[PDB]
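What follows is a set of notes on a single structure, which appears directly below.
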Amino acid sequence: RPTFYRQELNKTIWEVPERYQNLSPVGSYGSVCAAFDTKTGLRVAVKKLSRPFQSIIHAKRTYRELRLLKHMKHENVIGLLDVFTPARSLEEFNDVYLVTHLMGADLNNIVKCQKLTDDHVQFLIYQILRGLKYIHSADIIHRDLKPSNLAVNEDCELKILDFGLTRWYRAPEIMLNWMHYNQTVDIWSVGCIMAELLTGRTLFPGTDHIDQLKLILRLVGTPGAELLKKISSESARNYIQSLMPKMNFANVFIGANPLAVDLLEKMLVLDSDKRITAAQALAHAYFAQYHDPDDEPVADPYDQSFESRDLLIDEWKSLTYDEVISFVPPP
Ligand SMILES: O=C(NCCN1CCOCC1)c1ccc2c(c1)C(=O)c1ccc(Nc3ccc(F)c(NC(=O)c4ccccc4)c3)cc1OC2
Ligand SMILES: CCCCCCCCO[C@@H]1O[C@H](CO)[C@@H](O)[C@H](O)[C@H]1O
Ligand SMILES: CCCCCCCCO[C@@H]1O[C@H](CO)[C@@H](O)[C@H](O)[C@H]1O
């Protein structure tokens, strides 16, 4: 057991092992500081969970995040370097700290509203898809993928943050509270991101909810007959039928690699059942210089039975505690 020190950060006391020095807030169910791990020589992010066992909902959220982070072992997905608490027993267990790599920026920082070269977009989107293939293979859907959730370092390596829990990158069915989401909700977001890296501007910068849907339909067309067949509500279909051709992406993204355009066309399809998958997209010719079918790994199956369980606050706390106890750092 290491020895801890206390300091006041972001309006609370953070108590962490002495190995982590120079804690500096990076921003804000938890607050994150940059630190330096003097024991490993690595720059790390230390996230202190907020009120982790205050209620059944917080307790299950805490357990969710820890289980997810402990499962994810992939170069393009945030992983756990350490988890700690200053508690010596279950009885005293009230705080949880999660440590990951400090990547040093998110994807907005790497764009600064300027277009990237095609080669650079290839690499960035390749990495996002490789991470998503991995996440999706565990039966986990991100649902809110966006630039602020993509951490990137200076060598341009990317990790996906905040999976399994601005609307500009949201799939239209998420905005419409459709339910029964497909994993390709995430592919929608990837298309929005990729469009923006290529062009320098937001693809669908809606001013509000309905404006966002209006912008989307302008690009991709009103729903076709095969899609309208899958909608029950007559009122909803009546609304849609009272309203648009699908634009040619080759004439929308002028100057882009035609293979980029064709991949965008396969991603930004309104019908989620017809969107390209992550695995399929990794085999698209756009990624020929980076694709290796033997190094795009899948996850071990992830036991998600806890998600349907309704347990007591002390049970969730106990389960989390055990997970903290059993944690073994990665090599
Ligand atoms: O170093 C950074 N800023 C320093 C100051 N800047 C200011 C100006 O110039 C220099 C850069 C910096 C700026 C932005 C970012 C990071 C680091 C980063 O590495 C970074 C690393 C981790 C992180 N979030 C985080 C940390 C620990 C966690 F456990 C989680 N949890 C999850 O991802 C999660 C996963 C599944 C479900 C729920 C949560 C997430 C968020 C991050 O945000 C991007
Ligand atoms: C007016 C905007 C129309 C949006 C239509 C979005 C269609 C999304 O696509 C749909 O997603 C559902 C999964 O969530 C699937 O069950 C449906 O099979 C699929 O067609
Ligand atoms: C003015 C209303 C326009 C709304 C357009 C799309 C709303 C789609 O709505 C969805 O249809 C699904 C398939 O029937 C249902 O399973 C979902 O419950 C429902 O949310």
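The way I read the labels, and the way they are meant: chains A, B, ... in the order of the structure tokens, residue 1 as the first residue of every chain, and ligand 1 as the first ligand shown, with later ones counted on from there.
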Kindly assemble as JSON lines a list of the chain A residues that lie within 6 Å of ligand 1, each paired with its nearest atom pair and their distance in Å to one decimal, using only C-alpha atoms and all ligand atoms, sorted first by chain and then by ascending residue number.
{"residue": "A:26", "atom": "CA", "partner": "ligand 1", "partner_atom_place_in_ligand_line": "3 (N)", "distance": 5.1}
{"residue": "A:34", "atom": "CA", "partner": "ligand 1", "partner_atom_place_in_ligand_line": "1 (O)", "distance": 6.0}
{"residue": "A:45", "atom": "CA", "partner": "ligand 1", "partner_atom_place_in_ligand_line": "21 (C)", "distance": 5.3}
{"residue": "A:47", "atom": "CA", "partner": "ligand 1", "partner_atom_place_in_ligand_line": "27 (C)", "distance": 4.9}
{"residue": "A:65", "atom": "CA", "partner": "ligand 1", "partner_atom_place_in_ligand_line": "37 (C)", "distance": 4.4}
{"residue": "A:68", "atom": "CA", "partner": "ligand 1", "partner_atom_place_in_ligand_line": "36 (C)", "distance": 5.4}
{"residue": "A:69", "atom": "CA", "partner": "ligand 1", "partner_atom_place_in_ligand_line": "35 (C)", "distance": 5.6}
{"residue": "A:78", "atom": "CA", "partner": "ligand 1", "partner_atom_place_in_ligand_line": "33 (O)", "distance": 5.9}
{"residue": "A:98", "atom": "CA", "partner": "ligand 1", "partner_atom_place_in_ligand_line": "29 (F)", "distance": 4.9}
{"residue": "A:99", "atom": "CA", "partner": "ligand 1", "partner_atom_place_in_ligand_line": "27 (C)", "distance": 5.7}
{"residue": "A:100", "atom": "CA", "partner": "ligand 1", "partner_atom_place_in_ligand_line": "27 (C)", "distance": 5.5}
{"residue": "A:102", "atom": "CA", "partner": "ligand 1", "partner_atom_place_in_ligand_line": "19 (O)", "distance": 3.7}
{"residue": "A:103", "atom": "CA", "partner": "ligand 1", "partner_atom_place_in_ligand_line": "19 (O)", "distance": 3.4}
{"residue": "A:104", "atom": "CA", "partner": "ligand 1", "partner_atom_place_in_ligand_line": "1 (O)", "distance": 3.4}
{"residue": "A:105", "atom": "CA", "partner": "ligand 1", "partner_atom_place_in_ligand_line": "14 (C)", "distance": 3.7}
{"residue": "A:106", "atom": "CA", "partner": "ligand 1", "partner_atom_place_in_ligand_line": "44 (C)", "distance": 4.5}
{"residue": "A:151", "atom": "CA", "partner": "ligand 1", "partner_atom_place_in_ligand_line": "44 (C)", "distance": 4.9}
{"residue": "A:161", "atom": "CA", "partner": "ligand 1", "partner_atom_place_in_ligand_line": "33 (O)", "distance": 3.8}
{"residue": "A:162", "atom": "CA", "partner": "ligand 1", "partner_atom_place_in_ligand_line": "34 (C)", "distance": 3.8}
{"residue": "A:163", "atom": "CA", "partner": "ligand 1", "partner_atom_place_in_ligand_line": "36 (C)", "distance": 4.6}
{"residue": "A:164", "atom": "CA", "partner": "ligand 1", "partner_atom_place_in_ligand_line": "37 (C)", "distance": 5.6}
{"residue": "A:165", "atom": "CA", "partner": "ligand 1", "partner_atom_place_in_ligand_line": "37 (C)", "distance": 5.7}
query = If you count only C-alpha atoms, which residues fall within 10 Å of residue 269 of chain A, apart from same-chain ones fewer than 2 positions away, as number ranges by chain?
reply = A: 187-188, 191, 219-221, 223, 246, 264-267, 271-276
Selection export as a compact mmCIF listing (two decimals), in the first residue's frame, atoms kept: C-alpha atoms:
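Done, and the output landed in selection_30.txt:
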# COMPACT_ATOMS: atom_id res chain seq x y z
CA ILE A 187 -20.60 4.97 -37.97
CA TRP A 188 -22.88 7.95 -38.57
CA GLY A 191 -18.85 10.08 -41.11
CA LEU A 219 -27.81 16.22 -47.59
CA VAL A 220 -28.99 12.65 -47.55
CA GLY A 221 -32.51 13.10 -48.91
CA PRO A 223 -36.48 8.82 -46.37
CA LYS A 246 -30.14 12.75 -52.18
CA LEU A 264 -18.67 8.87 -46.75
CA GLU A 265 -21.50 7.80 -48.96
CA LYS A 266 -21.50 4.36 -47.23
CA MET A 267 -21.44 5.89 -43.73
CA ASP A 271 -31.17 3.77 -42.69
CA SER A 272 -28.88 2.37 -40.04
CA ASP A 273 -29.34 -1.12 -41.38
CA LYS A 274 -27.68 -0.03 -44.65
CA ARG A 275 -24.69 1.77 -43.12
CA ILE A 276 -21.26 0.23 -43.45
task = Can you list, as a PyMOL selection string, all residues belonging to segment 203-304 of chain A that DSSP tags as alpha helix (DSSP H)?
result = chain A and resi 209-220+225-228+234-241+258-267+278-282
Given the selection you just returned, output its residues as a file containing C-alpha atoms, formatted as a CSV table (one decimal), in the first residue's frame.
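The result, written out as out.csv:
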chain,number,residue,atom,x,y,z
A,209,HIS,CA,-32.7,19.9,-32.5
A,210,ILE,CA,-35.1,20.3,-35.4
A,211,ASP,CA,-32.5,22.4,-37.4
A,212,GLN,CA,-30.1,19.5,-37.1
A,213,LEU,CA,-32.6,17.1,-38.6
A,214,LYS,CA,-33.3,19.6,-41.4
A,215,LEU,CA,-29.7,19.8,-42.3
A,216,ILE,CA,-29.2,16.1,-42.4
A,217,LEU,CA,-32.2,15.6,-44.7
A,218,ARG,CA,-30.9,18.2,-47.0
A,219,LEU,CA,-27.8,16.2,-47.6
A,220,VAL,CA,-29.0,12.6,-47.6
A,225,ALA,CA,-39.8,3.8,-49.4
A,226,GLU,CA,-37.7,0.9,-48.0
A,227,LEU,CA,-37.0,3.0,-44.9
A,228,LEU,CA,-40.6,4.3,-44.5
A,234,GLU,CA,-48.9,6.9,-39.5
A,235,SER,CA,-48.6,10.5,-38.2
A,236,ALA,CA,-44.8,10.4,-38.4
A,237,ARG,CA,-45.0,8.9,-41.9
A,238,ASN,CA,-47.6,11.5,-42.9
A,239,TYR,CA,-45.3,14.3,-41.7
A,240,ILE,CA,-42.3,12.8,-43.6
A,241,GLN,CA,-44.3,12.3,-46.8
A,258,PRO,CA,-12.8,9.8,-54.5
A,259,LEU,CA,-12.2,6.8,-52.1
A,260,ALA,CA,-13.0,9.3,-49.2
A,261,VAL,CA,-16.2,10.3,-50.9
A,262,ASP,CA,-17.3,6.7,-51.5
A,263,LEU,CA,-16.6,5.8,-47.8
A,264,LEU,CA,-18.7,8.9,-46.7
A,265,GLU,CA,-21.5,7.8,-49.0
A,266,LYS,CA,-21.5,4.4,-47.2
A,267,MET,CA,-21.4,5.9,-43.7
A,278,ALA,CA,-16.5,-0.7,-38.7
A,279,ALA,CA,-15.0,-4.1,-39.8
A,280,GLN,CA,-16.3,-3.5,-43.4
A,281,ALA,CA,-15.0,0.0,-43.4
A,282,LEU,CA,-11.5,-1.0,-42.3
ask   = What do you get as a list in words if you pick all residues at most 6 Å from ligand 3, counting only C-alpha atoms and all ligand atoms?
value = residues 176, 177, 178, 230, 231, 232, 236 and 239 of chain A
task = Would you kindly return, as an MDAnalysis selection string, each protein, DNA or RNA residue with an atom no farther than 9 Å from any atom of residue 93 of chain A, considering only C-alpha atoms and excluding same-chain residues fewer than 5 positions away?
result = chainID A and resid 85:88 317 321
key: Proximity to ligand 2 - best of A:207, A:184, A:76, A:289, only C-alpha atoms and all ligand atoms   = A:184
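All residues of segment 115-218 of chain A that DSSP, run on the backbone, classes as strand (DSSP E) are residues 150, 151, 152, 158, 159 and 160 of chain A.
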Could you save the residues just selected, with N, CA, C and O atoms, as a compact mmCIF listing (two decimals), in the first residue's frame?
# COMPACT_ATOMS: atom_id res chain seq x y z
N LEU A 150 -12.32 11.97 -28.57
CA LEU A 150 -11.21 11.34 -29.24
C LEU A 150 -9.91 11.97 -28.80
O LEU A 150 -9.61 13.09 -29.13
N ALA A 151 -9.19 11.26 -27.96
CA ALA A 151 -7.94 11.83 -27.44
C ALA A 151 -6.82 11.54 -28.36
O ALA A 151 -6.69 10.40 -28.86
N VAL A 152 -5.94 12.52 -28.61
CA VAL A 152 -4.89 12.32 -29.56
C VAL A 152 -3.56 12.84 -29.01
O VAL A 152 -3.55 13.84 -28.32
N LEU A 158 -4.47 7.88 -31.54
CA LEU A 158 -5.80 8.22 -31.04
C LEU A 158 -6.38 7.18 -30.11
O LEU A 158 -6.20 5.96 -30.36
N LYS A 159 -7.09 7.63 -29.08
CA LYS A 159 -7.88 6.75 -28.22
C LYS A 159 -9.26 7.26 -28.04
O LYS A 159 -9.46 8.45 -27.83
N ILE A 160 -10.23 6.35 -28.16
CA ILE A 160 -11.59 6.66 -27.90
C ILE A 160 -11.89 6.68 -26.37
O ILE A 160 -11.51 5.78 -25.68
List every residue of segment 179-224 of chain A that has an atom at most 10 Å from any atom of segment 109-132 of chain A, giving for each one its closest atom pair and the distance in Å to one decimal, counting only C-alpha atoms, sorted by chain and then by ascending residue number, as CSV.
residue,atom,partner,partner_atom,distance
A:183,CA,A:132,CA,9.1
A:184,CA,A:132,CA,9.8
A:186,CA,A:132,CA,7.9
A:187,CA,A:129,CA,8.4
A:190,CA,A:125,CA,7.4
A:191,CA,A:125,CA,9.1
A:193,CA,A:125,CA,8.3
A:194,CA,A:125,CA,6.7
A:195,CA,A:121,CA,9.5
A:196,CA,A:115,CA,7.7
A:197,CA,A:115,CA,5.6
A:198,CA,A:115,CA,5.5
A:199,CA,A:115,CA,5.4
A:200,CA,A:115,CA,4.2
A:201,CA,A:113,CA,6.3
A:202,CA,A:113,CA,8.7
Segment 18-21 of chain A environment, 9 Å, only C-alpha atoms, sequence neighbours closer than 2 positions dropped, as a PDB file with C-alpha atoms, in the first residue's frame:
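Writing done, so here's out-v3.pdb:
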ATOM      1  CA  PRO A   2       1.559   3.331  -1.022  1.00  0.00           C
ATOM      2  CA  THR A   3       1.385   6.534   1.003  1.00  0.00           C
ATOM      3  CA  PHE A   4      -0.955   9.268  -0.169  1.00  0.00           C
ATOM      4  CA  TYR A   5      -1.045  13.047   0.023  1.00  0.00           C
ATOM      5  CA  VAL A  16      -3.589  10.138  -4.216  1.00  0.00           C
ATOM      6  CA  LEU A  23      -1.602  17.410 -10.678  1.00  0.00           C
ATOM      7  CA  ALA A  35      -0.220  14.300 -13.616  1.00  0.00           C
ATOM      8  CA  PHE A  36       3.152  12.647 -13.887  1.00  0.00           C
ATOM      9  CA  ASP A  37       3.616   9.181 -12.657  1.00  0.00           C
ATOM     10  CA  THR A  38       7.091   9.286 -11.107  1.00  0.00           C
ATOM     11  CA  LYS A  39       7.076   5.520 -10.665  1.00  0.00           C
ATOM     12  CA  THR A  40       6.615   4.733 -14.373  1.00  0.00           C
ATOM     13  CA  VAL A  44      -1.221  10.268 -16.958  1.00  0.00           C
ATOM     14  CA  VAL A  46      -6.223  10.968 -13.067  1.00  0.00           C
TER      15      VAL A  46
END
ask   = Near residue 67 of chain A, counting only C-alpha atoms, which residues have an atom at most 10 Å away, once you skip same-chain residues fewer than 2 positions from it, shown as number ranges by chain?
value = A: 61-65, 69-72, 302-304, 306, 319-320, 323-324
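You can rank A:92, A:314, A:173, A:8 by their closest distance to ligand 2 using only C-alpha atoms and all ligand atoms, and at the top of that list sits A:173.
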key: Contacts of residue 31 of chain A at 8 Å (only C-alpha atoms; same-chain gap of 5+ positions) as an MDAnalysis selection string   = chainID A and resid 10 25 47:50
Write the residues you've just listed into a file as a PDB file, in the first residue's frame, and include N, CA and C atoms for each of them.
ATOM      1  N   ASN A  10      -9.782  21.543  -7.869  1.00  0.00           N
ATOM      2  CA  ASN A  10     -11.102  21.766  -8.453  1.00  0.00           C
ATOM      3  C   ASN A  10     -12.230  21.800  -7.409  1.00  0.00           C
ATOM      4  N   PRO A  25      -5.519  20.428 -13.335  1.00  0.00           N
ATOM      5  CA  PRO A  25      -6.808  20.208 -13.971  1.00  0.00           C
ATOM      6  C   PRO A  25      -6.783  20.347 -15.460  1.00  0.00           C
ATOM      7  N   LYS A  47      -8.615  10.616 -12.942  1.00  0.00           N
ATOM      8  CA  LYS A  47      -9.988  11.068 -12.841  1.00  0.00           C
ATOM      9  C   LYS A  47     -10.548  10.684 -11.500  1.00  0.00           C
ATOM     10  N   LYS A  48     -11.007  11.666 -10.733  1.00  0.00           N
ATOM     11  CA  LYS A  48     -11.676  11.418  -9.486  1.00  0.00           C
ATOM     12  C   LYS A  48     -13.197  11.392  -9.765  1.00  0.00           C
ATOM     13  N   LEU A  49     -13.814  10.260  -9.467  1.00  0.00           N
ATOM     14  CA  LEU A  49     -15.267  10.190  -9.599  1.00  0.00           C
ATOM     15  C   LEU A  49     -15.954  11.102  -8.587  1.00  0.00           C
ATOM     16  N   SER A  50     -17.030  11.677  -9.056  1.00  0.00           N
ATOM     17  CA  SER A  50     -17.849  12.575  -8.269  1.00  0.00           C
ATOM     18  C   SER A  50     -18.961  11.829  -7.522  1.00  0.00           C
TER      19      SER A  50
END
ask   = What does the distance between atom CA of residue 284 of chain A and atom CA of residue 244 of chain A come to in Å, to one decimal place?
value = 28.9 Å
message = Under the rule that only C-alpha atoms are counted, which of A:60, A:80, A:7, A:174 is the nearest residue to residue 313 of chain A?
response = A:60
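Restricting the calculation to only C-alpha atoms and all ligand atoms, the smallest distance between ligand 2 and any of A:308, A:318, A:248, A:242 is found for A:242.
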ask   = Given the choices A:168, A:181, A:287, A:97, which gets closest to ligand 2 if the distance is worked out from only C-alpha atoms and all ligand atoms?
value = A:181
key: Residue among A:247, A:291, A:157, A:30 lying closest to residue 14 of chain A, counting only C-alpha atoms   = A:30
